[PDB]
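Colleague: task: produce atomic coordinates for the following.
(4 chains, ligands or ions: 4)
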Amino acid sequence: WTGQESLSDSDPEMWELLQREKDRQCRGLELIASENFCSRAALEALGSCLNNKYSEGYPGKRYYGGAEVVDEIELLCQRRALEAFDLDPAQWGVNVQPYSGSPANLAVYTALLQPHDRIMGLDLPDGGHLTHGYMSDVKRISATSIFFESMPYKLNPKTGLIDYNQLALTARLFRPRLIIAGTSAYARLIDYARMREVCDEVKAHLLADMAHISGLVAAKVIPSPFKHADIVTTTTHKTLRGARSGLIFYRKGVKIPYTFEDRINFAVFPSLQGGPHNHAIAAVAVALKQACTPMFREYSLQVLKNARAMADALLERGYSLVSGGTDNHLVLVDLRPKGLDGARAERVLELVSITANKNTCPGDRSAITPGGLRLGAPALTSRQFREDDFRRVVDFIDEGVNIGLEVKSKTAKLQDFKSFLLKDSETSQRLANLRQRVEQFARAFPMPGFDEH
Amino acid sequence: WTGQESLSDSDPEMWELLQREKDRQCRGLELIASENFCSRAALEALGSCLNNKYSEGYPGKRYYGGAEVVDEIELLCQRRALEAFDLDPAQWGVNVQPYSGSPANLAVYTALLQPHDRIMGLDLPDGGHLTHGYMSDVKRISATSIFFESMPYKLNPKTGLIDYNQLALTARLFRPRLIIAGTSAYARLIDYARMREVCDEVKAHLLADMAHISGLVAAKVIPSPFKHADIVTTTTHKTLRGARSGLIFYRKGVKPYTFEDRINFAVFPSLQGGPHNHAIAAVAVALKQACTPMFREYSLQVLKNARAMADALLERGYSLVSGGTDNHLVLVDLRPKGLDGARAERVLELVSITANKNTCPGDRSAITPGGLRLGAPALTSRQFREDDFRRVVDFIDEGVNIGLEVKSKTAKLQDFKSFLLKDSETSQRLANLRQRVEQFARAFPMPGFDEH
Amino acid sequence: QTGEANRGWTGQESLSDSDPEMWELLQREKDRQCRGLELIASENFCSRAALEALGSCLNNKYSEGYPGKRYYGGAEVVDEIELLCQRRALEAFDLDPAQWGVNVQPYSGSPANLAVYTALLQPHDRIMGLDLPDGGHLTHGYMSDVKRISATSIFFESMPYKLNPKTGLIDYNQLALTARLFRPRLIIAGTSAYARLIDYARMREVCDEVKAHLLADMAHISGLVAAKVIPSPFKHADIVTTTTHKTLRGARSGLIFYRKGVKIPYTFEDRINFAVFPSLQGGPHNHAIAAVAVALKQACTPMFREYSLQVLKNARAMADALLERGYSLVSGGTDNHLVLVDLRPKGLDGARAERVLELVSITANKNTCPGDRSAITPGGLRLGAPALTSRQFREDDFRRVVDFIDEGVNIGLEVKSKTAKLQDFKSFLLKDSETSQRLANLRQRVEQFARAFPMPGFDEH
Amino acid sequence: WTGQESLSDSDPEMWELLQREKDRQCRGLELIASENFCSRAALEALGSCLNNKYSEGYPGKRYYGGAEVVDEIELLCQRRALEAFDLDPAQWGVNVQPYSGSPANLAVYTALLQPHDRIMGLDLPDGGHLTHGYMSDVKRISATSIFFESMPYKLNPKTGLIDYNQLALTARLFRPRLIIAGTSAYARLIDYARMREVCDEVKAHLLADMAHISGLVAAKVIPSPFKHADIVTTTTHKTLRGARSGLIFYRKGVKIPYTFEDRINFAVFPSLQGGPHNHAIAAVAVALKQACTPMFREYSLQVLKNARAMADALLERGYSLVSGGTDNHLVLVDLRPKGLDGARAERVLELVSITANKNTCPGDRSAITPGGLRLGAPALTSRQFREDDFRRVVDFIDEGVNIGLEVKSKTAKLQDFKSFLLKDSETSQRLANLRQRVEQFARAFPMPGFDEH
Ligand SMILES: Cc1ncc(COP(=O)(O)O)c(CNCC(=O)O)c1O
Ligand SMILES: Cc1ncc(COP(=O)(O)O)c(CNCC(=O)O)c1O
Ligand SMILES: Cc1ncc(COP(=O)(O)O)c(CNCC(=O)O)c1O
Ligand SMILES: Cc1ncc(COP(=O)(O)O)c(CNCC(=O)O)c1O
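Modeller: Numbers count the residues shown, from 1 in each chain, chains lettered A, B, ... in the order given. Ligands and ions are numbered 1, 2, ... in the order given. Sharing the structure here:
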């Protein structure tokens, strides 16, 4: 046994699964707003001998020897991270070790807050992330609501925008130590200057969690949270089009000096994590280099143009959009006007190889049947889709909604609806014909990555 | 731009860095007990399109659609993890999503304990891990000592073994809700039956963190913690020779056990986000390798190589903490030899021999460890046999003797280290030994890709 | 060797002979009480009968535990006393013992509240109370922008609710809105400085919506509730705390009332009793329990209802006389035993005013008013009727009190015109002879008026 | 109604209860070690107009005016507290507001410790107090085990003394922030120097809770904890013979200053308490002045002699004593070498007007039938009992034990034993005969306080 054999020869069962997943990615219209297609070059680094190295600590201050090269790699990743976001190294630093977005946010809280200290984030149903402190009326869900004390802030339900007035009012009462400015499902730009004004008033730290918009910020196609935030976290796998990982950026130097750097780094290691994933660090450095180029600015501009074109095509077809439209990479569709909920539409669309996700809308009454869908442009933009192609995407979505509207007319419950899509041969024929046309269209576009896996 | 360009063309700077790390691995005697050389096959899965897929939730109970294939992959990984450890699904389940070892242990605590509930693990200086609740006299270090309340248990310093008697005595006073049985630096087998007795007496959960020994357990060359533990965590990148990831195994069925829902909920949605499906797949590749006769022979050889290295050090007048080994590693006490582990680790590093300093019970300076931790898994993966490990020990001894000369000529640690670099006479002797070490090491096979 | 050198200690000596220094101090405090216009809204004058029980051999008895469930024997009499106090507590508030129980051991009001929190909540569970500047109490969860002040904000997680600044009333609408976001496990309805009746029905609505416990802390109003002169919180709360020394006119102590029996049963009783003992307290203060029982029996009488109705009438007379002299009142009036004066329009703050009044033997306390721009210089005064009502003051007597207050306010306005900082104002009251003589004349007139009225308790101590 | 009517005229029911309790105190042999008989002078202050004054805050730093006289009283009480313990006011301060012992200890923890910080105290079954952190295997019992994290230390079961070696060992592992040296049932002197050594080694605060022994310390008849602890709590109603209350003493001044004073005072008010009980403060001040006198040193010497006389008489009658003897005001009798448990014995004695309490002994296996009794000398010594009188006390105890043995031989369960004492005519006649002799003896001795209440 050498350990130099190929995957296709040594584990045919797993090789076939990898090929099947690649085929799914190539034949579908992937609209999940948080997905993208990582470059072959980044994946070549991800799947490398860097996986083998234990390097707990930080460059020059490791616990083990043999770190000469991973030191150089980690420091290069830091430099490319600051370069990608146009940050002066004397005013900003970055921790490139977080294993994903959720680890990054937990490390920030652990660095800057004591257990049971208070945080405020946008409520999950209103478009925030689990790690912004989510708990429900009946139990504590995110660990960020167990180890810390959270209170959400909300959209203004009439407008679909973050209610900055109510946030200010309730932060004066709750006295958060940290407020999170960032979203998983919000189509508008965040008023970071106002967020900072609230935080300065109540003496809270401002954390911007820019995971969804990070590449747009790097490409300078939307305003940067770094102009107003103390700390900025992100993932590397969304609009940044990298391998799955996290980053934490923090201010350093003169404010009296800043005191984030030592606390942030200590929280990541030794408090929370173990050995870094040097293969992920390397892949991230590759993608960060890509994000610095003119190619990536043009990609990011096309992401916005494509999201806008998707929004307009939906409005032209009588759909409604939460907040009335978009200013970023995604659109929040409200389907209740058309008479079909997001759980139903999501399933019909899945069966024709269009992947989206059901999304709660302002005013929704039940979670099992949310009113909306979240649709994103980053992934398909990476396949060189343009505006006209996203109009075809909406054409196909509308066909699927129409199919769903007929099945809803012949079915009672969410489970009846779902089996009907499989049982009724007349329904599964229309699904099959739509799926074939969907896959013919999607299969025709290029795809980043390896050829077959 | 296609995103299909090769790394070698599109990012030369990073490509030469990857090649440099591969060269470093190939030319070294890599004795870090937690390291291994992952197979090309697993690395091919690790760097795949599985990176692209968001799949929050669990097979058949995802937040989103499109998960047909990742569902099959995640379920296959679970099946292969149970098979590698000879586990019946009716008695055991597994969570294959933890991003690493430390995430795995934190998920167990979050799942079973309230904030500030009490845990006991082996103290870090005595061989336990950070995530077993480590804090120092000076401040709280691991988050496992911040969100939970930890009190360590200790070695008997006269034997080098876990002091099960004192663990029993202190557990009755401290009342832990969970006790961790598992080590980062311990060369003997843990008495899991005794740990079970203590846990039963004080009504604590028994967690076995088998990260270091996981490959040996799968290979059935040492006894298994699954006979006595409620929960077992592990990494997949040490003796299991996989990609970097974690696993949480838990009892289920009649005892009914109530671990499964809590464990799975803690990993997601409580602690983690989207799974790293490329990592899950790579782990599944390694787990299948771990079920083969090849891997049992590998693991038997790891044991024999550790024993051979131990016996050679004893022959050269080294002392061993607990007097020997029954697993993949050796704990060397350099104190009698007159050199500490901080000094020895650095001299060895400069001759391409990678180990790490290790505290010894006989230590008089809590700041400067008196020992080294040496492991056989990595070099065994390159087909080293017992005689090769004897030659490793002769190279170590050459380096230790250099260290002793430099100690006689320098005062503080920093002085020692700088002298190794800049004293021309010393650097020449180090260069000679380094060349012999490297040319020896380069001649062995190496798992993975050819050049990266 | 003769006299006191030839006499052994008995522990039966009178205080006046055995400790002349302390005896002189007690008499001086009695004199201070008799010669002052005592307007602190939380104060009262305890009866001789209750004080005689407070200073009794019941001090000597350790009785950890509860009646019939004690750690030590010899408890037959203290058991009867504690049970009597419980029965008299329930009688005073018209409570069926099949539906309500009472714990009579809390050492004071703050211990009573902490015991409820410890009984029903886990550490760091959430509570909501009226903010301290807005009229709430420390133990309702107070912390400031700069640090945690009450232990109820240390061991538990509090967020305040607020007055509507424009009406001076509790903003029930905002409480409902914020409770939904904060998800409290317990909400406190009760105040230290609030002149209006609390809408306990609305508070129960909010608590029912968000699945919180409703605690009514009726300390200030307890005697008014007992006398049935204002609505009872027991109609809507299932837990009620109080002190025994404010409007109930007893010895310093606390009480915790709780629902019991069929709600499927209530499960307050065992937890609240356990929190008080063994969790928080040690041996009860049986002398205090007995004194409280004496005052509770008094509170059941027609005499006490007539007292409580007079407290309301006197507070209203004080309010009306203030309004006639151009004073502003927070919420525009009073429905209870106290008045909240807003001095800002008159041009004088509550810190300045309380000090002038103090120097003429009128004891009130400065009080934050809605819109105050600075707490060193709060805008108002809190003025209470219970203590002077116990001395048989009637409405015209409270009109005379206001005349004296207004004279003091006028002296303060004159001193403010002559000084800059609060520290200079205060020194001027003492060092300027013109001012000092004006204060002495007003003090003489205040004291001669007050001394003529009867006083509960012993004659001289 | 004037509020000037006497208790006897206005509430005859309560008046009769007070007289019944007074009669019970006069006719019994009160051996509860934490009890005493407070002076009339102290009681006159306790039942005074001082009840009426709200005085939140501290002297010269109050919330409300009118505090001129209560300021003088509180400061006088502080000076008298320092004087009774021979403390230099430039090196020690004292807080006289705690409402009882348990409030005093909770205030110390709240002042010096964060929530969930670690405390160690002597385990309750081994002689410690609830407020030293007690929890059982099954439930958190004391609030000091809920808001803080406690671990007990133990007696050496062979010797009956605190095991200082094991305390040192376990404190190194548990890392307490505070260790309590003080007991509710311990007959020996505590090695405060050794406790301090341990605290200095692990960097814990040493709190001496001297409640039981405070009068013996003030009289200088046993060594003072103030030589080795820098924080000391106590009650005022045990051997100090005052009204029920608490005190917290702390070092102040140059240690770089001590920082106890401001934290302790703030913990008491505003954190934990509300208005002080000025009547109690005054009564405490009266008792403290008494404690400064030669009379009180003679009383305390006699307490020691009487406890030793009682111990000696029990040994001569074949009883065993936990730890082998006594050095203080109490004796821990082990009844197992007589064959009668403490639950049975306590009840027998109660029915013959001798009040003691059952006490767990080393080796006991059931808390429901512990092996012993705790007996104290302070209360009866305050009635002018001398050594021969305590020998008579032991004679009566032994008769009671013998009755208990006879009933034990005729009954099964604890419940049957207890009902036999009341319902067996022969046993009831024997108890009545013993009770009359006990009461005839006890009534002949004087009693501090009022004549009839
Ligand atoms: C027993 C044990 N448990 C958990 C971990 C954590 O694994 P991660 O580094 O992936 O978080 C380690 C790592 N120990 C590394 C070493 O011994 O060198 C470990 O030794
Ligand atoms: C704002 C935000 N923050 C953090 C995360 C967490 O990243 P990980 O999944 O790597 O833990 C997400 C993921 N959001 C996924 C989605 O919106 O579909 C996110 O949207
Ligand atoms: C509503 C309320 N609750 C509890 C207390 C506390 O009682 P103790 O001081 O006995 O702890 C007060 C005292 N407040 C005093 C005042 O308003 O002036 C109070 O007003
Ligand atoms: C050492 C010690 N500390 C504090 C207390 C508490 O005092 P309070 O009961 O006033 O809260 C006691 C009471 N112990 C009483 C006994 O031993 O019988 C005590 O023994």
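Colleague: okay, CA-based contacts and neighbour counts for the rest of this
Modeller: Fine.
Colleague: the residue in the stretch 301-450 of chain A that ligand 4 sits nearest to: how many residues sit nearby?
Modeller: Minimum separation of the stretch 301-450 of chain A from ligand 4 (CA to the nearest ligand atom) falls at residue A:367, amounting to 52.3 Å. Residue A:367: 13 surrounding residues under other CA atoms under 10 Å in any protein chain shown.
Colleague: next, the contact list for residue A:322, please.
Modeller: Contacts here follow CA atoms under 8 Å, 6 or more residues apart in numbering or on different chains; on that basis residue A:322 touches A:160, A:187, A:331, A:332, A:333, A:334, A:361, A:362.
Colleague: can you lay out those residues as a markdown table showing neighbour count, distance to ligand 2 and secondary structure?
Modeller: Shown next, in a markdown table, are the contacts of residue A:322 (neighbours: other CA atoms under 10 Å in any protein chain shown; distance: CA to the nearest ligand atom, whole Å; DSSP: H, G, I helix; E, B strand; the rest coil):
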| residue | neighbour count | distance to ligand 2 | secondary structure |
| --- | --- | --- | --- |
| A:160 | 19 | 18 | coil |
| A:187 | 25 | 12 | coil |
| A:331 | 28 | 13 | strand |
| A:332 | 26 | 12 | strand |
| A:333 | 26 | 15 | strand |
| A:334 | 27 | 18 | strand |
| A:361 | 25 | 15 | coil |
| A:362 | 19 | 18 | coil |
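Colleague: just flag the most distant two among the residues you listed.
Modeller: Farthest apart among the contacts of residue A:322 by CA to CA are A:331 and A:362. That separation is 14.4 Å.
Colleague: and the closest residue to chain B within the stretch 101-250 of chain A, how far is that from chain C?
Modeller: In the stretch 101-250 of chain A, the residue that lies nearest chain B is residue A:142 (4.1 Å; CA to the nearest CA). The gap separating residue A:142 from chain C is 16 Å, by CA to the nearest CA, to the nearest Å.
Colleague: neighbours of that residue, just the number please.
Modeller: Residue A:142 has 26 nearby residues by other CA under 10 Å.
Colleague: cool, and residue A:127?
Modeller: 22.
Colleague: ok, residue A:109 next?
Modeller: 22.
Colleague: also the one 4 residues further on?
Modeller: Residue A:113 is flanked by 17 other residues according to other CA under 10 Å.
Colleague: so does stretch A:121-132 get close to chain B?
Modeller: Yes. Stretch A:121-132 reaches chain B (CA under 8 Å from any CA of the partner chain) through residue A:130.
Colleague: how about the strands in the stretch 301-450 of chain A?
Modeller: For the stretch 301-450 of chain A, the strands defined by DSSP state E, counting those that start in this stretch cover A:320-321, A:330-334, A:354-355, A:357-359, A:372-376.
Colleague: in its sheet, what does the second one sit against?
Modeller: Yep, that's strand A:330-334 we're talking about. strand A:320-321 (antiparallel), strand A:372-376 (antiparallel) (DSSP bridges).
Colleague: of those, which stretch is the most buried?
Modeller: strand A:372-376 (a mean of 26; mean count of other CA atoms under 10 Å in any protein chain shown).
Colleague: with only the CA atoms kept, save that strand in PDB.
Modeller: Output of strand A:372-376 as PDB, limited to C-alpha atoms (Å, rounded to 0.1, in the frame of the first residue of the first chain):
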ATOM      1  CA  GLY A 372     -41.300  33.400  -0.100                       C
ATOM      2  CA  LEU A 373     -38.200  32.100  -1.800                       C
ATOM      3  CA  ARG A 374     -34.600  33.400  -1.500                       C
ATOM      4  CA  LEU A 375     -33.000  33.500  -5.000                       C
ATOM      5  CA  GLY A 376     -29.300  34.400  -5.600                       C
END
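Colleague: what's the neighbour count on residue A:198?
Modeller: For residue A:198, using other CA under 10 Å, the count is 22.
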